[PDB]
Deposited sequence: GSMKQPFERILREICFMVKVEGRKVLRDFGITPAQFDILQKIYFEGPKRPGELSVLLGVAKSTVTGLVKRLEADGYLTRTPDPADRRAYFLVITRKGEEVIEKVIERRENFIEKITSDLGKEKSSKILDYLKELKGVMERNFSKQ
């Protein structure tokens, strides 16, 4: 519950911010990255799915997507309905963020040693599985 929630919130904040340090090199904004990673993970998205994700008006999504398309990170496919689809350039952004997060975790696994790292992974797997069972949809 309490310290548990707080300690996990801090872990989640640090890993999030750590990965996003790579966006300093790309000039992709936080809202634009949110759009890219959602397409990366769930496939081609309709504009309304992005407005729900971000919590903004279509006009905001349209501006963000126009700029992403112009900068080669997104393209369109037909369904006169269209999905936004990520390009390889867009894919590499997400992959760099994941790599930076991975490497952050690698420093961690180094300071802990191999036996402890593997036990912590075993326990994280167990936590995740109990969490997934309790997670409503």
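- Residues of the deposited sequence lacking C-alpha coordinates fall in the stretches 1 to 3, 83 to 86, 145, numbered from 1.
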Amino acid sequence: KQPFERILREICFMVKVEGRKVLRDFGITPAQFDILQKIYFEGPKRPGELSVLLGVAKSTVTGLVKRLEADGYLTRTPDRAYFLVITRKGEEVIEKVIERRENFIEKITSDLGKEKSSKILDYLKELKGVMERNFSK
From here on, numbers count along this sequence of modelled residues.
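- In this entry, 24 to 32 has the higher mean Cα B-factor, the comparison being between 24 to 32 and 49 to 57.
- Two stretches are in play, 109 to 117 and 12 to 20, and the higher mean C-alpha B-factor belongs to 109 to 117.
- In this PDB entry, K66 carries a Cα temperature factor that places it within the middle third of its chain's modelled residues.
- The deposited CA B-factor of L84 belongs to the highest third of values across its chain.
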